[PDB]
There are 2 protein chains.
Amino acid sequence: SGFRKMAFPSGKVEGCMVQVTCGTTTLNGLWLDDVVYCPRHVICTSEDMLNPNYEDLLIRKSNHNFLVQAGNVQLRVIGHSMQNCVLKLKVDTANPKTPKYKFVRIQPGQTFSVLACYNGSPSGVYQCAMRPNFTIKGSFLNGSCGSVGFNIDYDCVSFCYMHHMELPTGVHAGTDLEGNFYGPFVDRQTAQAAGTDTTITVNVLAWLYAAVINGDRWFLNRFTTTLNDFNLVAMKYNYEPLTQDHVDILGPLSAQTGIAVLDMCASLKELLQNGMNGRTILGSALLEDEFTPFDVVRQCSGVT
Amino acid sequence: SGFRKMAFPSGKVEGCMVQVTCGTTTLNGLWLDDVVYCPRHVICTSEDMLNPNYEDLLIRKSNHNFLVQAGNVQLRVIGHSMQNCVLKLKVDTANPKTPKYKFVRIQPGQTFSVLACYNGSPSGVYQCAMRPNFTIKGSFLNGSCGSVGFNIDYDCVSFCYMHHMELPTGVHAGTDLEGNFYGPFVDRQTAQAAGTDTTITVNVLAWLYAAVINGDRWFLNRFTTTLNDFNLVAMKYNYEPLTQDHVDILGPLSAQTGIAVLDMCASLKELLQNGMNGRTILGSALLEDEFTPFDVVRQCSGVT
Ligand SMILES: *CC(=O)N1CCN(C(=O)c2ccc(C)cc2)CC1
Ligand SMILES: *CC(=O)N1CCN(C(=O)c2ccc(C)cc2)CC1
């Protein structure tokens, strides 16, 4: 019993983190096989960041200008290329600690663990969600860029995020491991405003299911609703619309608890309309939306 | 910028987790040097748990009855002893992945990371606090016992907790790594009620400082108070009394923000008296008390 914001064990990713220095900028790199992945803005002066031409900046850089350090041992860079907003540095040594891995581009609402790193060394791990506006709310200081987000399926690390940017609003933007930004963001120190940060409805429902499983039930009501009726209320409260796909994904939690998805929707509706009245659910006074249905099943079943 | 409930990177601890089986009970063990530490109730039948005499139960057990598996390789048990509520199994192989480590007994209010494990395999990591009533609010299923809590200071893992027990209220009880329970709890399936779960005042203040550092300031007021006046309000709201020791520990956060500790106390006082009025601080609608002053300095400075 008990339900916690739970990150993946980070060890597999800890074994991939390196320091990348180009001139005066030190960032984090991800070492998989004989390739080190890092944000391309490693090549920028602070001045460069205001309006960089990465292709032009990169011409002035050689293999030997990229200083790659894994623990306190230097890696020999034998190649470099730019793919979208990441650099791939080819090194002469396969990372011996390379886990089985994949690069995945996640959808808004999907959760992942971040291994926050500084100078190629892990400081902490926490759980995030890709917001519907393609920002994440992280904990990232200067030097944290190149820190990665990931999921694990038993033995296979799926890398989904690399940290590149803090917006003036102190929310975070980054790329998948092909160097494509989530959302409309660019690796330039220019005013970029985030869109509406809507609540991830399917994640709130999964977390209400988690609450019932863990004994928090005060919010279960006598009502049901329809997808259309629920969606009118969701719109009004800046909740993402719920689709039949979401209902299908919640099926297993519905089955385990015996609470029809649309009944839980009606409970969420009354909570939106009535508030919490000073009460808590799983130690929270607001509706949590950074647990996926899969996250709730995993934590409630004890997958390793 | 951004402030997250952050766990230590778990890799150093992942390398210490083993499976312990005695008869039909499988739990987790911690392998440090040539010793495996596990909850002594590994030797109990479900029947035994109602009123076990551990010394008497242990007489019926030999080295070869303790099945210790690290990954998919069996360890040879060459000795066993009971220390308080833990077993120490001597094995013929030093754990090659043994980190620098210490056993520490933490105080109420202190935070730590839990590596939740099942069958010696990591499922997740999350951040906890020893509650003032010596429970923790964890996420622990059957098979999770022997999972450990820890802090890291650069290279040295300080183990502070081993999981043993869920109370009928679905809160958690365990031991330090000498096998001494936190609080008055016993490893017996009997009614044990937790005391008052008071709010860790010094931790709420540290987190209000973290909020100011991260730009959340709406709650800063025009008022100050005294330790005595603040403490009258704390008592009324089931907050732990604040001592000069707590004020001293908050000194660095006071210095960085330029907000006198007693001014922040007056802000916390108005929040207690007035509530949040539907507003949030660092994405929370209640006052968070599972960040220590040290935790706030660490996360805000990016220690590795
Ligand atoms: C993403 C990241 O970690 N970066 C990029 C932004 N950044 C700076 O431009 C910067 C340069 C120098 C100093 C003192 C602070 C910030 C920090 C690194
Ligand atoms: C602490 C822990 O993980 N335990 C101890 C309590 N426990 C049981 O007694 C138990 C036995 C058998 C079954 C099916 C469930 C629970 C679980 C293990």
Side-chain angles (χ1 to χ4, degrees), chain A residues 302 304, chain B residues 12-105 114-123 140-150 157-165 173-181 185-189:
Chain A
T304 70
Chain B
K12 282 168 195 294
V13 180
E14 292 177 46
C16 298
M17 302 308 312
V18 299
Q19 189 188 62
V20 187
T21 303
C22 196
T24 43
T25 309
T26 296
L27 287 187
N28 302 287
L30 181 70
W31 185 19
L32 298 173
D33 302 320
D34 61 352
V35 182
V36 179
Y37 303 78
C38 73
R40 65 171 176 174
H41 77 241
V42 75
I43 69 179
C44 293
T45 75
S46 61
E47 315 86 82
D48 287 337
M49 306 274 196
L50 301 185
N51 196 0
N53 186 306
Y54 285 101
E55 270 303 354
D56 289 343
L57 289 179
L58 200 49
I59 291 166
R60 308 293 141 199
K61 298 299 168 165
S62 298
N63 289 336
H64 68 261
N65 295 127
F66 296 103
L67 299 183
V68 180
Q69 197 175 329
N72 290 3
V73 76
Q74 213 73 20
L75 298 181
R76 187 179 298 281
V77 179
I78 60 163
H80 65 274
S81 60
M82 188 164 52
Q83 181 176 14
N84 301 307
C85 299
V86 293
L87 307 172
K88 301 202 313 240
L89 311 171
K90 196 186 205 199
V91 287
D92 70 352
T93 307
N95 185 357
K97 297 182 201 177
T98 305
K100 307 188 199 197
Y101 71 92
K102 297 187 155 157
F103 296 161
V104 299
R105 189 179 180 75
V114 170
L115 184 64
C117 295
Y118 299 94
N119 302 117
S121 293
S123 45
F140 290 120
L141 303 171
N142 297 325
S144 70
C145 289
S147 298
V148 299
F150 64 94
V157 183
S158 286
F159 294 102
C160 51
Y161 181 86
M162 181 170 270
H163 187 51
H164 290 241
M165 194 150 83
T175 69
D176 60 27
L177 271 294
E178 303 179 341
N180 288 127
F181 265 89
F185 301 119
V186 300
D187 48 357
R188 191 192 164 188
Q189 193 182 314

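FYI, side chains are in, hydrogens and waters are out, and symmetry mates aren't considered; it's all heavy atoms of this structure. Residue numbers start from 1 in every chain, and the chains themselves are labelled A, B, ... in the order their sequence lines are given, proteins ahead of strands.
The structure places CG of B:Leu87 at 8.0 Å from OG of B:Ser81, a figure rounded to the nearest 0.5 Å. Atom OG1 of B:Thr26 is separated from atom CG of B:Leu67 by 8.0 Å, given to the nearest 0.5 angstrom. Here CG of B:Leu30 is found 9.0 Å from OG1 of B:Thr98. Values are rounded to the nearest 0.5 Å. With values rounded to the nearest 0.5 angstrom, B:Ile43 atom CD1 is found 9.5 Å from B:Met49 atom CE. Interatomic distance, NZ of B:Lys97 versus CD of B:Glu14, reported as 9.5 Å (0.5 Å rounding). If you take CG on B:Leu57 and SG on B:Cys44, they are separated by 5.0 Å, rounding to the nearest 0.5 Å.
The two residues B:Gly29 and B:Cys38 have their closest heavy-atom pair at CA-CB, 4.2 Å. Here the shortest heavy-atom pairing between B:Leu141 and A:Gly302 reads CD1-N, 3.5 Å. Minimum interatomic distance between B:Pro52 and B:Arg188 (heavy atoms only, all atoms of both residues): CD-CG, 3.7 Å. Of all the heavy atoms in B:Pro39 and B:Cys145, the pair that sits closest is CG-C, 4.1 Å.
Remark: B:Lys61 NZ is packed, more than 12 non-hydrogen atoms of other residues, nucleotides or ligands lying under 6.0 Å away.
Among residues at least two apart or in separate chains, salt bridge (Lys or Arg N to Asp or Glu O under 4.0 Å) pairs with a member in residues 69-82 of chain B are B:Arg76-B:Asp92. Among residues at least two apart or in separate chains, salt bridge (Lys or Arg N to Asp or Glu O under 4.0 Å) pairs with a member in residues 28-43 of chain B are B:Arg40-B:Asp187.
Using a 4.5 Å heavy-atom threshold, the side chains of B:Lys88 and B:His80 count as separate. Contact check for B:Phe140 versus B:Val114: side-chain heavy atoms found under the 4.5 Å cut-off. Side-chain contact between B:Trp31 and B:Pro96 is present, with at least one heavy-atom pair separated by less than 4.5 Å. Between B:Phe159 and B:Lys102 there is no side-chain heavy-atom pair separated by less than 4.5 Å. For the pair B:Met162/B:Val86, a side-chain contact is recorded, criterion being any heavy-atom separation below 4.5 Å from C-beta on. Side-chain contact between B:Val13 and B:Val148 is present, with at least one heavy-atom pair separated by less than 4.5 Å. Counting heavy atoms from C-beta outward, B:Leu115 and B:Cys16 have side chains that stay 4.5 Å or more apart.
Counting only distance, with no hydrogens or angles, the side chain of B:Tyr118 and the backbone of B:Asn142 share no donor-acceptor pair below 3.5 Å. B:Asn28 contributes no side-chain N or O that, together with a main-chain N or O of B:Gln19, makes up a donor-acceptor pair within less than 3.5 Å. A donor-acceptor pair is defined here as one N or O able to donate and one able to accept, closer than 3.5 Å; no such pair exists between the side chain of B:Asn119 and the backbone of B:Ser121. One N or O on the side chain of B:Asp176 and one on the backbone of B:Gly179 form a donor-acceptor pair closer than 3.5 Å. At distances below 3.5 Å, at least one donor-acceptor pair connects side-chain atoms of B:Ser147 with backbone N or O atoms of B:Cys117. With B:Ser62 contributing its side chain and B:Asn65 its backbone, the two residues share no donor-acceptor pair below 3.5 Å. The closest donor-acceptor contact from the side chain of B:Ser144 to the backbone of B:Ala116 lies at 3.5 Å or more, if one exists at all.
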(Q) One pair to check against side chain to side chain contact (heavy atoms under 4.5 Å, CB included): B:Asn180 and B:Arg105. What are the steps and the verdict? (A) CA-CA 9 Å; B:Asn180 288 127; B:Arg105 189 179 180 75; 3.5 Å; yes
Q: Carefully, step by step, assess B:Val36 and B:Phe66 under the rule side chain to side chain contact (heavy atoms under 4.5 Å, CB included).
A: CA-CA 10 Å; B:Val36 179; B:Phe66 296 103; over 6 Å; no
Q.
As a quick check of understanding, evaluate side chain to side chain contact (heavy atoms under 4.5 Å, CB included) for B:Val68 and B:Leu89, giving each step before the final call.
A. CA-CA 9 Å; B:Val68 180; B:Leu89 311 171; 3.8 Å; yes
Q.
Let's go through B:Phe181 and B:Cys85 carefully: what are the C-alpha distance in whole Å and the side-chain angles of both, what is the deciding distance for side chain to side chain contact (heavy atoms under 4.5 Å, CB included) to 0.1 Å, and is it a yes or a no?
A. CA-CA 8 Å; B:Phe181 265 89; B:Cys85 299; 3.8 Å; yes
(Q) Apply ring pair (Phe, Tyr, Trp, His ring centres under 6.0 Å) to residues B:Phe185 and B:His164 and explain how you reach the verdict. (A) CA-CA 10 Å; B:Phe185 301 119; B:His164 290 241; over 10 Å; no
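A distance of 6.0 Å or more separates the ring centres of B:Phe103 and B:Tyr161. Checked against the 6.0 Å centroid threshold, B:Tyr54 and B:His41 do not count as a close aromatic pair.
When the salt bridge (charged side-chain N to carboxylate O under 4.0 Å, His left out) test is applied to B:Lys90, no partner is found at least two apart in sequence or on another chain.
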